[PDB]
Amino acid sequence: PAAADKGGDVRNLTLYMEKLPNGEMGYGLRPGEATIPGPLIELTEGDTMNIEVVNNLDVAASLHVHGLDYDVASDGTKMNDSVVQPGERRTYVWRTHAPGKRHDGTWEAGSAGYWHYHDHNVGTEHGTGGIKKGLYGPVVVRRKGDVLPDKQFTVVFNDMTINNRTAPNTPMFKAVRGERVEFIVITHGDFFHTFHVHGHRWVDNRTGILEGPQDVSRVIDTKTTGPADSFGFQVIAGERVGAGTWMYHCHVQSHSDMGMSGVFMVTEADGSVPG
């Protein structure tokens, strides 16, 4: 299995905050290529990201990240003077660290995990407006040695939507049976959800993956998730269960009845799927 090498690179990135059709807003890697969710930023403990943010919106907006090391200047809040005016640009710096023992003999936990970034200034000083309209994206921080996936899918429960869509227009994630698949699950907005995926399960720990025989973590297939929670996991697609149309949905009954569901399509190597 492919595994993450040691971290420690300084990386540069540019994000464009752009208007999208029908009043939505998105981050993109190039102008006119903004998506909801925004691009996935992946790094390894020790890496630094210098992210230039270009605001092509009509109102001041920002970039706030969960979990990583940043100083108040990269807070993403008006309060700490960390927002971007229309037509301007600003650099936000994200640092990360490996686990280590402090001089006092206590353990500092590393940066690795499933995280996210989003706007903190549109609509309100908590970014309620920007989050609603699509300004959110995933961040994966690896630890050295972490197993890497073949595919990555991001599910954002944004109020009563999946990635701002409802069924049947929610994303379908396709993989081949046996592929290692990574899910990143983020919740935003005003409501609490339960993420459930048919035919698959994962370990309720940092990686979603059993670490070894002394791992006492619950194995689950449903997880409560509320605004700005983030978690992730990896499955072998179709393991023990075969190819097929596997629903992923919020299991709150009114929510799934109102369209908070989508398809995880696990196919055979030739692309066929039962049904």
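The numbering used is simple: start at 1 and walk along the sequence shown.
Stretches 206 to 214 and 42 to 50 differ in mean C-alpha B factor, with the higher average recorded for 206 to 214. A summary of the deposited B-factors shows that, of 101 to 109 and 80 to 88, the stretch with the larger mean C-alpha value is 101 to 109. Per the deposited record, 169 carries the highest C-alpha B-factor of all listed residues (154, 187, 169, 194).
Of the candidates 67, 232, 31, 226, the deposited coordinates give 31 the top C-alpha B factor.
Among the modelled residues of its chain, residue 20 has a C-alpha B-factor that falls in the highest third, as given in the PDB entry. When all modelled residues of the chain are sorted by CA temperature factor, residue 243 is found within the middle third. For residue 120, the recorded CA temperature factor ranks within the middle third of the chain's modelled residues. For residue 56, the recorded CA B-factor ranks within the middle third of the chain. Only modelled residues enter the ranking.
Residue 93 sits in the lowest third of its chain by CA B factor, as recorded in the PDB entry.
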